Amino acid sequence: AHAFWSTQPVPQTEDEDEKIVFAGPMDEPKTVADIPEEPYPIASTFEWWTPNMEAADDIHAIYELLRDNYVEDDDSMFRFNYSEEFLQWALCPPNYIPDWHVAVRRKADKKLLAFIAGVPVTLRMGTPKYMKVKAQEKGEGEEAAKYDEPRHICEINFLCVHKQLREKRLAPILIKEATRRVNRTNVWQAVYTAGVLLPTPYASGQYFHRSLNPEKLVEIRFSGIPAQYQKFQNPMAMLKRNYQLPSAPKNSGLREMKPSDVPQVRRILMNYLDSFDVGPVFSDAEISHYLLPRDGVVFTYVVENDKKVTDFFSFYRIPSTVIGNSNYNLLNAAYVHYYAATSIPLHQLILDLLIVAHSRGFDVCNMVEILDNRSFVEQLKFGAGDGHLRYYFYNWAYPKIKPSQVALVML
């Protein structure tokens, strides 16, 4: 049973998801005037707080909460340690709404207890291709096309309750208050991902990992030496050999992205993401924000030969705290972000991603099997992990799609 999720406008079961044939809202159309202006009620010893995600101290406060209380693996070996610079980048994109950054603090001494954050996204979330075909076959083209235009909605992330406050039904209250603040802004859908299975994803993909520093990954037990390698005299030497990379990129004309690259990168990215059922639409301002290099946060390279940009890739950094190991404090992970290839095969473009990430001291390259990420898995020696990222909408009925039909990278 789901005492909270059963009350919310999301599909309730997989069986229900199979009956969905058109994109559209779940709930009753409602107005901003219908939405309470007073904050959701909360216990008298707590209070709502809106941190300023551009202000160093407030960013540091939220950073500490997440550092100590955000996503861990099941064996409490690793915990995400999103940096302060990362949080300001993720949470303050163009036209962000400060009121969508929602915290709870203990009233007496202002102890920070919980967080949830929304950001705007312009999303294509109309009926997927395979379902539009079914609609044509049945003379239902019109209903299937009703919500084809890209929508201005909310992306939700960084939901976090302090370890001491777990299993007290605080997460639902955060979710209700975030919903209220978003609805007051006349937005009625959200998109979110989680590693856990909730009612009810519209897509799911496995995580994949590419070892860059296998000796450290084995040391911290992110990886082990696979059985097959025990037939060698030095299993770790062979493992290191297996994962060795060039020390400099191989593509002629690879360089870091510059502000002047924004229009070309926008063009080639938007052309590419069009091929997917669910994907973001990005303005120039949003391309600049999400793709221009930021030290320690996001790294973006373009292939420019003979004064023209033909390809690009981007990756972002999230270190994870290594909880139990004494010798290392962090696992430095690079995550595959947006990319587009027009001049070279995708594997040739992404090999340079691995090369750059390795040169910069990253330990592993991670991604979900979205976009065309499957197309380079084997050649570049990615392996599936035990994790899955599930993709959800709030208040949006959506036919189940494959993860290779998802083009929205979730941070």
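The first residue of the sequence shown is number 1, and the count goes up from there.
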Read off the CA B-factors in the entry, average them over 132-140 and over 80-88, and name the higher stretch.
-> 132-140
Going by the average Cα B-factor in the PDB entry, point out whether 224-232 or 211-219 comes out higher.
-> 224-232
Highest-ranked of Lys110, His337, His101, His289 once sorted by CA temperature factor in the record | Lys110
According to the deposited entry, which of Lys250, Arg266, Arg317, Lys176 has the largest Cα B-factor?
-> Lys250
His60 - Cα temperature factor, lowest/middle/highest third of chain | lowest
Temperature factor at the Cα of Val356, chain-ranked in thirds, falls in the middle
Going by the recorded CA B-factors, say which third of the chain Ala1 sits in, lowest, middle or highest.
-> highest
B-factor third for the C-alpha atom of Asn183 within its chain | lowest
Chain thirds by Cα B factor, record data; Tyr147 belongs to the highest
